[PDB]
């Protein structure tokens, strides 16, 4: 009912992976506070989680001024990447106000798609060295896939 109570529901649904219900709730918050940056960010996340990449990208691109330096560069680049706009995704990553681990993760994937395998390997070696998650075996698999792609050429 109240905005903080709506946020409580956003958090509960998101934590449980119910992005559909979180999105419905976030949209109610946006009806009350139309340019709430956190709500716009959550909406974009819900849309990506439900495979609505065009809609997510549209949210970002129609709120450019409001999202300045919370530009959602990771999410924007992610959507472009999933929409096979790889050059756009690269540009978005490179022009991001603040670099982050998630941006670097996506950057590795973008370089792989661009067949820039040497720089890709450097990015993945770095990610494996400095990781703080449970995805290192998956990253090592990515590393091996990159080397396999290179081997095709020699």
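Numbering follows the first chain given and starts at 1.
Q) If you average the CA temperature factors over each stretch, which comes out higher, 20-28 or 131-139? A) The stretch with the larger average C-alpha B-factor is 131-139.
Q: With reference to the PDB entry, specify whether the mean Cα temperature factor is higher for 111-119 or for 62-70.
A: Comparing averages over the C-alpha atoms only gives 62-70.
Q. Lowest, middle or highest third: where is residue 55 by Cα B-factor in its chain?
A. For residue 55, whose C-alpha B-factor we compare with every modelled residue in the chain, the answer is the middle third.
Q. In terms of the chain's CA B-factor thirds, is residue 45 lowest, middle or highest?
A. Within its chain, residue 45 is a lowest-third residue by C-alpha B-factor, going by the deposited values.
Q: Could you tell me which third, lowest, middle or highest, the C-alpha B-factor of residue 106 occupies within its chain?
A: Bottom third by C-alpha B-factor.
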